[PDB]
Amino acid sequence: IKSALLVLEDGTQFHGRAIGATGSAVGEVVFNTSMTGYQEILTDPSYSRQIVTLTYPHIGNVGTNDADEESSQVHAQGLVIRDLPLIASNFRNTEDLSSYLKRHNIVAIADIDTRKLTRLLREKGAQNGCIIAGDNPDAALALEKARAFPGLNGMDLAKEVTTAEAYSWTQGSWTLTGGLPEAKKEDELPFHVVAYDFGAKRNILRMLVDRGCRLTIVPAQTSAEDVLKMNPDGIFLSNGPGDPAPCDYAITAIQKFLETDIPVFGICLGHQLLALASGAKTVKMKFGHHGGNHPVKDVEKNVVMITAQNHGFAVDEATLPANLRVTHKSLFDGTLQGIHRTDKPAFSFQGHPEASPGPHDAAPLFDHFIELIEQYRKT
Amino acid sequence: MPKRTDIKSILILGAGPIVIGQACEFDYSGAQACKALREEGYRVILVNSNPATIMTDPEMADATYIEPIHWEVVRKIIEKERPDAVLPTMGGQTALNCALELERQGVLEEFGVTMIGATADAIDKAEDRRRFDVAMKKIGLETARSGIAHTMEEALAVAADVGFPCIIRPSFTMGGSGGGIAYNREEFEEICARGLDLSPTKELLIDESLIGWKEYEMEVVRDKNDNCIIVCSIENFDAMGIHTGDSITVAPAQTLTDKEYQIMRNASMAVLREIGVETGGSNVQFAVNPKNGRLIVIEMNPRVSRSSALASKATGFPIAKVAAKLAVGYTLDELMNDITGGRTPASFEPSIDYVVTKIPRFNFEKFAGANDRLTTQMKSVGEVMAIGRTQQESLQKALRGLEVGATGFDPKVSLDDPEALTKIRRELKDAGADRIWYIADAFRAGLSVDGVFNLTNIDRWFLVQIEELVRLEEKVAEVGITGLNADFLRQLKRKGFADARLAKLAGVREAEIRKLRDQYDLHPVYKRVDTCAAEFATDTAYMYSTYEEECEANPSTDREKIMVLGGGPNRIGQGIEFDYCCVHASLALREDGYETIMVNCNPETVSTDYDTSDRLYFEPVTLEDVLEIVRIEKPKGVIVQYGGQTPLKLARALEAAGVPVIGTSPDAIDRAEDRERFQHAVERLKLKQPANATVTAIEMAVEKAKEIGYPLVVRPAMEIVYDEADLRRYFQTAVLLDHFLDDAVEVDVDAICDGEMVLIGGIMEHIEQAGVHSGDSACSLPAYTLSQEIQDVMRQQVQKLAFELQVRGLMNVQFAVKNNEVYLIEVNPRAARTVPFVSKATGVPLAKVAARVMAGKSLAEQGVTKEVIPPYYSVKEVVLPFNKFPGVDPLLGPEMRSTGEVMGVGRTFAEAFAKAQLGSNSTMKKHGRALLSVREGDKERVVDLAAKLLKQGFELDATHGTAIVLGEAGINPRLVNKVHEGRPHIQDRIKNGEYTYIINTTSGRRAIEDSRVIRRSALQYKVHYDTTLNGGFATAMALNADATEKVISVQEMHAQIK
Ligand SMILES: Nc1ncnc2c1ncn2[C@@H]1O[C@H](COP(=O)(O)OP(=O)(O)O)[C@@H](O)[C@H]1O
Ligand SMILES: Nc1ncnc2c1ncn2[C@@H]1O[C@H](COP(=O)(O)OP(=O)(O)O)[C@@H](O)[C@H]1O
Ligand SMILES: CC[N+](CC)(CC)CC
Ligand SMILES: NCCC[C@H](N)C(=O)O
Ligand SMILES: [Cl-]
Ligand SMILES: [Cl-]
Ligand SMILES: [Cl-]
Ligand SMILES: [Cl-]
Ligand SMILES: [Cl-]
Ligand SMILES: [Cl-]
Ligand SMILES: [K+]
Ligand SMILES: [K+]
Ligand SMILES: [K+]
Ligand SMILES: [K+]
Ligand SMILES: [K+]
Ligand SMILES: [K+]
Ligand SMILES: [K+]
Ligand SMILES: [K+]
Ligand SMILES: [Mn+2]
Ligand SMILES: [Mn+2]
Ligand SMILES: [Mn+2]
């Protein structure tokens, strides 16, 4: 018997079993509806400081593998599941989930009523919590730490996971047949994009490369100036954890790029940033969007796409500046999903066009970005 | 975008009688479509020869046609109704096939009927194996190495090329109809010949083997705007090589990485796009090599399926309702999601927080000489579904809900059997219906997970799970009841162990475990189905039990509730008829104001549609599961009289345990079912019963039998012994003894009793004599030969019996009429399979009326007090599964083997029979050569039959003794040699297409086993045959009518009634 316990801010306790590292974990608790893709999710930087709950009971069926890692590490503060399978059964598995968790030093709990947990969060909105896994998990203590959690509202997490120094990425997407490909040679990539790293998912980068982009990853706080100097064919604003709001540096910089003619594309946190820099307002959602079955309509074409979502904050549609047209909305709650500058070559998407995990439906969002780029070069 | 306007009226092609491979799933889907289109204000016209369907209830559509599903007949319906469009994707293969014939025959053009949901070309593209293969290659999807054949010569060369073993798949078939696995040339020619003939397009697809790869299915929906969704993914438990319908399957997929899932999801959509399905749902099947993720496209079905029903139940996403709406111009984003209170659109992909398990239901014990091994051709007669938070929990619940007497992983072999490992091995290697239990036995016997994998190819992910359960059972056996502390017991419950299973292991009574649970306060909680993994709230109460923390049942304190127990999976004899009653009880009482609670786990049925009731418990219909629901719902009454045997066997225990059972008492039921109690009641009432005895020993029977008199009806399986020598003979291979009533008319009587009066629902005269199971007999309403005086006598006995037995609701009485004498065969104190047919024939919803009675409202009070005798004849005919089990002798007898039935409506008996016959898919012609080969006692009436055939223009052939008889009467048929006689023989003649009709009546085990070739050949060659002289006369009569001459709607039928 290896105990584990999860306590929410409200005092609600979930007793189960430890499946990861011994220790404690504190974070905002969220639920994810993805039936597949647990590894990619765990390795998503956007999950920093967040305790991840998966609705699909059986988590770990396929094991783990390096190819399924969205970042260099596990960003999830903790993992909450219903059942940890006896075995992993997939030709691609290189290590079982439990082993993997331990190795990444993640506090994880299994065997809890995840459903009850999910309905609670939906009903009452996000909550902060704490998981304690050890010999004698102290409930009171757990409550203490949860309660003491600062909260993600107003928390700038982007500066926390961003890269120390700039770097170049030239690697493309995985194939069943060829796995993860060998990094391309610079002369092979037509365009050169500059990517702000606000805790970037490797699949975004890879898919950009697939489109003929050679990247230059830059720290979050990099100055527009320093950037402009590079002569970018395009600028990209990545996804990331925390409140987009407090990231003044980025906002400021973006504003600077907006005065130029250089194409700009932001995904998720980068969508929020763009919006902010355009004079819009962001809010913290009740429980947010985390899953991969989210319908999003391209209001323009009147077509729906099933998308991969992962956000706790959104852009207020009602405060949008006139230079900011709406391009996409959620079919689930009507929330703002995409926007494009009426006057500039800048646009963004709240969801994850790069999926990973998730439906490939929204991939073409990248395509538009390329267009902008190719046309920017024409000029 | 919104509904189409150049469409007002729509004809929906129904599926026809239930057969293996094409079951209840179509009444569910057909009903959903009716409902959907009707809701949208369209004029609905449908055709379905199957009377036991809710879809054919007069109140579900505008023009209901219970007529044979033949293009010529359908033509008359179109000509008469002039529908604008036709929706052919809701009635399985029958509907697709029929829509295309109608198209081929130019009928659609002729009346300006538009094909909606899918187009004729799309259909063919998917249906034509060659075309489908070509399309996959065009879209870069991989298919197994294969080749097309249209002849045996051609097929042989494909084989030569792919080698053995190889997979044979006819074009324009499903449920593996006409296919199989050929391990050798012999097997190979048999299958190929069979499928070429069966194939509507006379075309096969022969593939190399992928046996053992993983099998997957995806349910897709696409709108005209090109929106596309995955409603559900299914991972099969049983690997490729065993048809999806005969496999254990689960949702969602379990062992695919997200990366693999996306590729499969993308492919799925690509396939629909390429085939051309633009407005509906489709199923896409694949094969995955577990070793390298290699993906292969198997097929696609351009319509709703058995999988789509399972998928709708599993997710809560009403596929068919949605598709019907899309068929008329609606788009996904425009439709609302039913269960999420309409708060969200239908344009989304469902997410579920539990595991869904489907287990097929077989009936091999009913087909002795059949090949009982699982293959690519479906053999299952039904299926069960279960929901659990875990796979363990999900699987065990399904096991216990299958209705085969299992409480879970009950043992099949003895631990201390020296040959056990050998038997297990075989069962594993060559899968039969019992494999799942043998898997557990294997682990008990010391075989490892890898050893089991190697034999079965079932993913280790599932296997380890089963092993763990065994290991847990062994502890239970060791610790016994004393070891059953709260902690452990709870662990056990969480893994889905049944109280009954635990009791057996612990060596106690099931009620002791249940008591133990009450002590510890160890009860399940109920979760709801919501399509989104709790991300959104739901107002629907579609629930399942699980051992968790939070309960979502939230029962009302408000209304008086009425619980209706379902029959679980369908099996031969316990079909859709019982579910139709269940559905009507719910619809009636709900309409009457009660709060209706349904308990069932059959994924194929309308009973398990969230729409049918107020509350739905998708649970195994067992004492344990039911008590738990009762425990929390505290209903006013429970109806156990409508779901067949299942709920019936529970009645006593339920009552004992304090359940408020309504209608006929469990005691009352027992009175009727207990042959002893019964014999006293008949006795009590001074009624006639065949002489009977209860023999213990052989030599006791031989004596008693002398007493009783031959022939004899030995009832433990049932047989009919003719002589003393026959008795022993039986005894060898081999108790109630019953004088068999030779040359007697069998009759069914359906009625209702409210304790005050008895209402005669209907008197049905079977065509086949007593001896041929009532369930396999054709029948007439009203009687076609029975005198009024005698029927009156039966009506009286029904009354007497009703009161005496204390009937409260439905009852059915079976009689035999011999020499103007009424004999009682049996009394079934509940709703019978004939109930829906009688309701259809008479216009009275017996199930609804009887439900009200049970609930407390009298016949007088409801105003249903007079027996209805319609103005037209109603004939019922059955469909038998023999063509699925070639080894089996396609002969009728005392045991029921049919899967479905049809209804024929005519101005005369002849016309009604004609329609019924054609409706049953009879190959009967009005010309040709007939073959007569009858038994002794028939040799006398045959003459008249012969003359009748002669009058029609048939030529006759006959065997020796038959020819002798005819000759003496002045009819000289052409002599034909029995096989042992020389040549040519019947077998030869039959095979060479000489005959268009066969009449063969046999008597005596030996005479039967002898004549087995005639029947077998007739079936193989598709010649219409009758195995009863009585049946022959009916056939004869029907030659004088034209089933395509006139069609009538149910609404019109009901209107002629006075
Ligand atoms: N190449 C193959 N090797 C082994 N089994 C196969 C192969 N192709 C198909 N099967 C099996 O045969 C079944 C029936 O084939 P399918 O195309 O689905 O026919 P149907 O239309 O009758 O359902 C599949 O569900 C599968 O288990
Ligand atoms: N004594 C008998 N004489 C003639 N036919 C009989 C006799 N008993 C039963 N049968 C035949 O056997 C069939 C099945 O018998 P039954 O008692 O009704 O069993 P079940 O419960 O399966 O309906 C009847 O429908 C009838 O054709
Ligand atoms: C599937 C049912 N049939 C094939 C379409 C044969 C019984 C209808 C005739
Ligand atoms: N109603 C039973 C089916 C009849 C079949 N033609 C036979 O006579 O055996
Ligand atoms: Cl819990
Ligand atoms: Cl078919
Ligand atoms: Cl391979
Ligand atoms: Cl045994
Ligand atoms: Cl214990
Ligand atoms: Cl067979
Ligand atoms: K727990
Ligand atoms: K038309
Ligand atoms: K097909
Ligand atoms: K091929
Ligand atoms: K299978
Ligand atoms: K069934
Ligand atoms: K009969
Ligand atoms: K019976
Ligand atoms: Mn098919
Ligand atoms: Mn199939
Ligand atoms: Mn009977």
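The figures here come from the full heavy-atom set of this structure, side chains too, leaving out hydrogens, waters and symmetry mates. Order of the sequence lines sets the chain letters (A, B, ...), proteins ahead of strands, with each chain counted from 1. Whatever order the structure lists ligands and atoms in, that order sets their numbers, starting from 1.
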Which ligand 2 atoms does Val772(B) reach within 4.0 Å, using its non-hydrogen atoms?
27 (O)
Quick note on ligand 2: atoms under 4.0 Å from a heavy atom of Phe740(B) include exactly 3 (N), 4 (C), 5 (N)
For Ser774(B), which part has a heavy atom under 4.0 Å from ligand 2: side chain, backbone, both, or neither?
both
Under 4.0 Å, heavy-atom basis, I'd like to know which part of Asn828(B) is in contact with ligand 2: side chain, backbone, both or neither.
neither
Starting from the K ion (ligand 16), look over the N/O/S atoms of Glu604(B) and name the nearest one.
OE1
Protein contact to [atom] [nearest heavy atom, distance to 0.1 Å]:
atom                    : result
atom 23 (O) of ligand 2 : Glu826(B) OE2, 3.2 Å
atom 7 (C) of ligand 2  : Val713(B) CG2, 4.2 Å
atom 3 (N) of ligand 2  : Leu741(B) N, 3.0 Å

How far apart are the C-alpha atoms of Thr376(B) and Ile242(B), what are their side-chain angles, what is the distance that settles it, and do they pass the side chain to side chain contact (heavy atoms under 4.5 Å, CB included) test?
CA-CA 5 Å; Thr376(B) 66; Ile242(B) 287 162; over 6 Å; no
If you look at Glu299(B), which of its N/O/S atoms is nearest to the Mn ion (ligand 20)?
OE2
Kindly confirm or rule out an N or O of [X] lying under 3.5 angstrom from an N or O of ligand 2.
X         : result
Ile825(B) : no
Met718(B) : no
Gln769(B) : no
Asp738(B) : no
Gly771(B) : yes

Can you give the angle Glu383(B) N - the K ion (ligand 16) - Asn602(B) OD1, rounded to 10°?
130°
Is any side-chain heavy atom of [X] less than 4.5 Å from a side-chain heavy atom of [Y]?
X         : Y         : answer
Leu801(B) : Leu687(B) : yes
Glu235(B) : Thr249(B) : no
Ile211(B) : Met240(B) : no
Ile167(B) : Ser209(B) : yes
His773(B) : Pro894(B) : no
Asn828(B) : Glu673(B) : yes
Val284(B) : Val220(B) : yes
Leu96(B)  : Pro302(B) : yes

Is the distance from the K ion (ligand 16) to some N, O or S atom of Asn570(B) under 3.4 Å?
yes
Would you kindly check if the NZ (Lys) or CZ (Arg) of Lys313(B) is within the cone defined by 45 degrees around the ring axis of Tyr28(B) and under 6.0 Å from the six-membered ring centre?
yes
If the cut-off is 2.8 Å, does any N/O/S atom of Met174(B) fall short of it from the Mn ion (ligand 20)?
no
Judged on heavy-atom distance to [atom], which of [options] sits nearest?
atom                    : options                                    : result
atom 25 (O) of ligand 2 : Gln814(B), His773(B), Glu746(B), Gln689(B) : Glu746(B)
atom 13 (C) of ligand 2 : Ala744(B), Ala770(B), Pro894(B)            : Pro894(B)
atom 16 (P) of ligand 2 : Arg715(B), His739(B), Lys818(B), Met896(B) : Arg715(B)

Can you spot which of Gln22(B), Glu25(B), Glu217(B), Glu219(B) makes a side chain to side chain donor-acceptor pair (under 3.5 Å) with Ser305(B)?
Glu219(B)
Is the shortest distance from a heavy atom of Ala816(B) to ligand 2 less than 4.0 Å?
no
Exactly one of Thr899(B), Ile20(B), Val381(B) clears side chain to side chain contact (heavy atoms under 4.5 Å, CB included) with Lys884(B), and that residue is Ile20(B)
Going by the side chain to side chain contact (heavy atoms under 4.5 Å, CB included) test, name the single residue among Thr605(B), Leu616(B), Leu565(B) that passes it with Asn600(B).
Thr605(B)
